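Listed here are the chains, written in short residue letters.
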Amino acid sequence: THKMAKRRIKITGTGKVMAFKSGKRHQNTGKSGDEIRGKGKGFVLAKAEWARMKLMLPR
Amino acid sequence: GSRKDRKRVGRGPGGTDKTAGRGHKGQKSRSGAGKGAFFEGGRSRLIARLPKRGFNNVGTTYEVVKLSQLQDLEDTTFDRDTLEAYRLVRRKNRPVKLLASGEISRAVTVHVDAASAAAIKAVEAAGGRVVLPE
Amino acid sequence: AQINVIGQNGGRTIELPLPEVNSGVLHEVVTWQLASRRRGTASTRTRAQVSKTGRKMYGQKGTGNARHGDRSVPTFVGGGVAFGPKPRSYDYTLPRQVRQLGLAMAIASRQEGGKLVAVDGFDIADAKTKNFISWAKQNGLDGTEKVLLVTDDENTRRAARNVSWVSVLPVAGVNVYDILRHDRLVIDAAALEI
Amino acid sequence: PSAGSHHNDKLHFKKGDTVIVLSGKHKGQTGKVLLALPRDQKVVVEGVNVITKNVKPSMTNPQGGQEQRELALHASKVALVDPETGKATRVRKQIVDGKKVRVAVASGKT
Amino acid sequence: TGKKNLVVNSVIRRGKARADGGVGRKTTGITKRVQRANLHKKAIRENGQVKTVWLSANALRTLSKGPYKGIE
RNA sequence: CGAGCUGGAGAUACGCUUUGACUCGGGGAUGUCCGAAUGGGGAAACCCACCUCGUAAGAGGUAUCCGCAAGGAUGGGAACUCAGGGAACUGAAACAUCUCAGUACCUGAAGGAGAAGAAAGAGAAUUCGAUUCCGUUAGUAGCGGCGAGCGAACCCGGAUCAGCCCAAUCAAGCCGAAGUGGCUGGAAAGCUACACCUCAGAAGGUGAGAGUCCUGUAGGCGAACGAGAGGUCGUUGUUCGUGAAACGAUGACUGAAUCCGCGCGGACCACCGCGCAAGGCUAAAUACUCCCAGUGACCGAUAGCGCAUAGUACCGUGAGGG
RNA sequence: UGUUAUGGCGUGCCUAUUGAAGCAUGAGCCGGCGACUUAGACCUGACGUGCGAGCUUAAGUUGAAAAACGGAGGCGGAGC
RNA sequence: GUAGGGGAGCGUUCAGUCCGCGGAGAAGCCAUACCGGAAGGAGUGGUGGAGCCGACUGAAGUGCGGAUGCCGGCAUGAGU
Ligand SMILES: [K+]
Ligand SMILES: [K+]
Ligand SMILES: [K+]
Ligand SMILES: [Mg+2]
Ligand SMILES: [Mg+2]
Ligand SMILES: [Mg+2]
Ligand SMILES: [Mg+2]
Ligand SMILES: [Mg+2]
Ligand SMILES: [Mg+2]
Ligand SMILES: [Mg+2]
Ligand SMILES: [Mg+2]
Ligand SMILES: [Mg+2]
Ligand SMILES: [Mg+2]
Ligand SMILES: [Mg+2]
Ligand SMILES: [Mg+2]
Ligand SMILES: [Mg+2]
Ligand SMILES: [Mg+2]
Ligand SMILES: [Mg+2]
Ligand SMILES: [Mg+2]
Ligand SMILES: [Mg+2]
Ligand SMILES: [Mg+2]
Ligand SMILES: [Mg+2]
Ligand SMILES: [Mg+2]
Ligand SMILES: [Mg+2]
Ligand SMILES: [Mg+2]
Ligand SMILES: [Mg+2]
Ligand SMILES: [Mg+2]
Ligand SMILES: [Mg+2]
Ligand SMILES: [Mg+2]
Ligand SMILES: [Mg+2]
Ligand code: NA
Ligand code: NA
Ligand code: NA
Ligand code: NA
Ligand code: NA
Ligand code: NA
Ligand code: NA
Ligand code: NA
């Protein structure tokens, strides 16, 4: 599904999920401090498998 | 011969048959039958709900030419743009980039399409000249 | 290391594939070959749509002791087949390097027993056939073992028609299955050879 | 149901040629050709004698009995013989009639 | 039917919501998606002899100015 | 072609056949009645007419739509092609878009093929250069309640490759090499001892298993003579769902120029570049298969077509089933 | 081996279920028919083989009692 | 030891190859107290009247007690 192409999960060297933070960004924001500037990286060692299977080929 | 001709001893293994096993009821117990549309993708099970977009472009991809390919081995048979096809850098349709990875002193000349700063301050530093299109 | 029977004399040319012939390697080959021969043939009405039958039948509930809809289904004597034979191909392309290696290894297998070559067959002299056999009887070719001739020249083939003695092979159309099929082998011409 | 179609529906003999029985019964026994049926490959020859009985219900004085009749054969013969044995006549020629051809093997007397 | 070329044969018809707004709204939802056709008008015209056939308004305006293989 | 023939037909009688019977090819002559059915009517295979030519019998003509005439067409076709019209279940684990899908069906037209076609193009190299199809690009670019999911094109390779004309050998068929004895047997083509052919060891039949018994195959021969514009409004196509939305197309209103011209190059403008509509036709490469031949790690009759013949018996008012 | 008397012991089969000899489901008997397949140079992994820092063609052409030609292209090779 | 995963094999049809068997008689059917760890295999006899084992390898319309399964035949209810 083409959506997966612009979705944080790119193909890295090793082959794992490139994620960010889906905590709260746009709509609904105006509390806490650096919780907003927390746009780092994400990695999951339990949903990589069932995730790269819709984009592994089109790396 | 044609009768003493065996197999690779571990090439093709017998196929899996589901009929008869004195205790085989293939698939789950319930909710799995004549229905192959479950899938593992979708849009609510670990997929969507994720907050991205970015912006897709994909313009020009260059061909990495490891410095160790030019230097190290080989006897400089000139790079140019035709004789370099035989240097295991056959791609076509895209320009060629020079990058620095091998550290070794040797005077060679390089004729690619684009090159990196370090590469230029690496080839000339040991003798040679990198020529780029006008 | 096989010397030519009639004409010159060499045989030291052509390197032999290592090791000393490998069964499985010919296995992969023959299999592929016979596979490219199998023809697409499957007279079966697998589909329930392909056979002649209506779509409605008896009532779902009611009649009792039934529960069927059409009469073309696999459970019915006369209907269609469940997962039957479809007309397909099964012709792949076994990697070239491996086909080249094949017959090399085949000849190899024949260079350790029944190997035979010959330049020029002036002995043949027209069809006749008879003098061809007489010829064989002067080349260890009793007619007890199966043989394959892979030589050009029409006139020579024309004079070669039998079952147990030899076999004709136009324009060096070599084939691991063929050579390994017959016992002795008669390369004769040095076209593909050397 | 096929029958005799296996051959090109032609006979290698006529209805007045002396022929011998090759294989089967009456080996070597010869006779003349009475009936020749090309399709069913049947040939009547005064040799193979079979004592049959014609059933006559009500045909004016039935009087049942065992009459003497012939039995047909297939290509189970050898058409035309001269050296006292079978032969494979082919060689064609002519004497005074160019409109018809003849037969022979190594002899010429058919 | 008209005179020149073929006529009638018409297309479908869509219907959206939230028409306009503050420089581009949210989006356009379609709701309609039904299909219709278009008819035409005739007139009493002759060609060579006494005829009536049909005459589209377009071809009428066009014929009145120039007799393209025909006459009022 | 050279002795037989007298249809599947089992039987009987009478008969036809060297003045070449049948059979196999190839042209003619007879073809009632119905059926596009067409003299009129008609619940098809029936009923009723008139006119003309005439020895009564009988034959001929008499439908409608285009033309001076000749002539051609309304009919029928399994599938395939183009066109007019155009679903729903289903999917989105509900459902309105979107998918299903321009699928199914319907209808019109035509052929052995159609469609398409000789640039107001593709495209970004100041390039290729009719169309179609195949491979690939690539499942990329892109579309999408941005969800389900849908999905090009250019370059390149390959099948085949032409642009010219208006307005101002296959069907008959013949020829065709090479075996005898003895033995088991009801009967051998098998066993056995010798021999031969082989530009013929494909195959079928013959009392059983088959080179040399038969028909044939390799090969050779082979006829009278028969074939080969723009814009606005409503919408749509292409990947394009109103999105910045071009362009093509069309219904309704309007309505330009033509040589310091016109269109296009994803609103628009300048520059730049490609191309010149509103006229037409046009092999091959492509699809499919009723029909025929050959072939099959295709069936061998609860299979294989439904049928080792039957769309029959049988069921239904009927379509239809079988 | 067959048959039989007597003793001991002994809750059909399947399915579905927490739990079946179940008074839960199915089924008269036998015969035959009858259900995890096939496709897409697709995706991913195990095994095996040929090559190896390179590894392979597709359409097609020419030949077919046989197969070779065909490198447009795809995967390696640099990532962010 | 159920769901489930893993391993080694039996059997059937077709195919290639090899060794062959068959009128003094194949396959198939029928009997049997033998062999193998299972799937199974073999000897002998009976029937039969044409074809078919074994080994190796390849490919599947490949193994039935069930589905109120499909077809067919024959039972029970009863001499009611
Ligand atoms: K298993
Ligand atoms: K069971
Ligand atoms: K591997
Ligand atoms: Mg920031
Ligand atoms: Mg269950
Ligand atoms: Mg449950
Ligand atoms: Mg289903
Ligand atoms: Mg999906
Ligand atoms: Mg959810
Ligand atoms: Mg009941
Ligand atoms: Mg059937
Ligand atoms: Mg009439
Ligand atoms: Mg439409
Ligand atoms: Mg929308
Ligand atoms: Mg649209
Ligand atoms: Mg427009
Ligand atoms: Mg049947
Ligand atoms: Mg039956
Ligand atoms: Mg119990
Ligand atoms: Mg009870
Ligand atoms: Mg119960
Ligand atoms: Mg229940
Ligand atoms: Mg017999
Ligand atoms: Mg099955
Ligand atoms: Mg049962
Ligand atoms: Mg009951
Ligand atoms: Mg029953
Ligand atoms: Mg009583
Ligand atoms: Mg009672
Ligand atoms: Mg009573
Ligand atoms: Na990246
Ligand atoms: Na934002
Ligand atoms: Na004849
Ligand atoms: Na749905
Ligand atoms: Na139609
Ligand atoms: Na518009
Ligand atoms: Na039977
Ligand atoms: Na047994």
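Residues numbered from 1 in each chain as written, not as in the entry; some residues may be left out. Chains lettered and ligands numbered in written order. Part of a larger assembly, values for the part shown. Heavy atoms only, no water.

- Per the deposited record, determination of this structure is attributed to X-ray crystallography, with the resolution reported as 3.2473 Å.

### Regarding the interface of chain C and chain B
1) Next: In this assembly, eight residues from chain C lie in contact with six residues from chain B.
2) Next: Across the interface of chain C and chain B, roughly 600 Å² is buried in total on both sides, 45% from carbon and sulfur atoms.
3) Next: Our enumeration of links across chain C and chain B arrives at zero salt bridges.
4) Next: There are two residue pairs in polar contact connecting chain C and chain B.
5) Next: The leading source of residues in the side of chain C that touches chain B is helix 1 (residues 23-37) of chain C, at six residues.
6) Next: In terms of residue class, the side of chain C that touches chain B is made up of four nonpolar, four polar and no charged. (Contact = heavy atoms within 4.5 Å. Buried area = accessible area lost by both parts, 1.4 Å probe. Salt bridge = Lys/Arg side-chain N within 4 Å of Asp/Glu carboxyl O. Polar contact = N/O pair within 3.5 Å; in protein donor to acceptor, adjacent residues only side chain to side chain. Helix = DSSP H or I, 4+ residues; strand = E, 2+ residues; numbered from the N terminus. Nonpolar A, V, L, I, M, F, W, Y, C, P; charged D, E, K, R; others polar.)

### Brief notes about the sheet that holds strand 1 (residues 115-116) of chain C
All names here are of chain C.
1) Next: Taking strand neighbours across the sheet as the criterion, the three strands line up as 1-3-2 in an open arrangement whose pairing is parallel. The two strands at the open ends of the sheet, each matched to only one other strand, are strand 1 and strand 2 (147-149).
2) Next: Pairing between strand 2 and strand 3 (residues 184-186): three bridges, direction parallel. Bridge assignment links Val147 to a residue of strand 3, and that residue is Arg184. (Pairing = 2+ DSSP bridges.)

### Comments concerning the protein's contact with RNA strand G
1) Next: The full set close to RNA strand G counts 39 residues, and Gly10, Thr19, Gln27 and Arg30 of chain B together with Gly173 of chain C are the nearest of them.
2) Next: Of everything in RNA strand G that lies within 4 Å of the protein, sugar and phosphate atoms constitute 69%.
3) Next: A distance of 3.0 Å separates a phosphate oxygen of RNA strand G from a polar atom in the side chain of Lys92 of chain B.
4) Next: For RNA strand G, a sugar or linking oxygen lies 2.7 Å from a polar atom in the backbone of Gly173 of chain C.
5) Next: For the surface near RNA strand G, the element with the most residues is helix 2 (residues 96-110) of chain C, which contributes five residues.
6) Next: In the surface near RNA strand G, the residues fall into 15 nonpolar, eleven polar and 13 charged. (Near = heavy atom within 4 Å.)

### Let's talk about the protein's contact with RNA strand H
1) Next: The immediate surroundings of RNA strand H are formed by 27 residues, with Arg3 and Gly23 of chain B together with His68, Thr75 and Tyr177 of chain C found nearest.
2) Next: Taking all atoms of RNA strand H within 4 Å of the protein, the share assigned to sugar and phosphate is 73%.
3) Next: In the model, a base nitrogen of RNA strand H is placed 2.5 Å from a nitrogen or oxygen of the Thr75 of chain C main chain.
4) Next: For the surface near RNA strand H, the residue count by class is eight nonpolar, eleven polar and eight charged.

### Brief notes about the packing of aromatic side chains
Residues and elements named next belong to chain C.
1) Next: This model, assessed by the stated rule, comprises two aromatic pairs over all chains.
2) Next: Ring centres of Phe132 and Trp135 lie 6.2 Å apart, and the angle between their planes is 40°; on these two criteria the pair is classed as tilted. Of the two residues, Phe132 and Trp135 both sit in helix 3 (residues 130-136), three residues apart, roughly one turn of that helix.
3) Next: For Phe132, a relative accessible area of 6% translates into the label buried.
4) Next: Among the residues examined, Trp135 registers a relative accessible area of 16% and is labelled buried. (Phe/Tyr/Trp six-rings, centres within 6.5 Å; stacked < 30°, edge-to-face > 60°. Buried < 20%, exposed > 50% of the residue type's maximum accessible area, 1.4 Å probe, protein only.)

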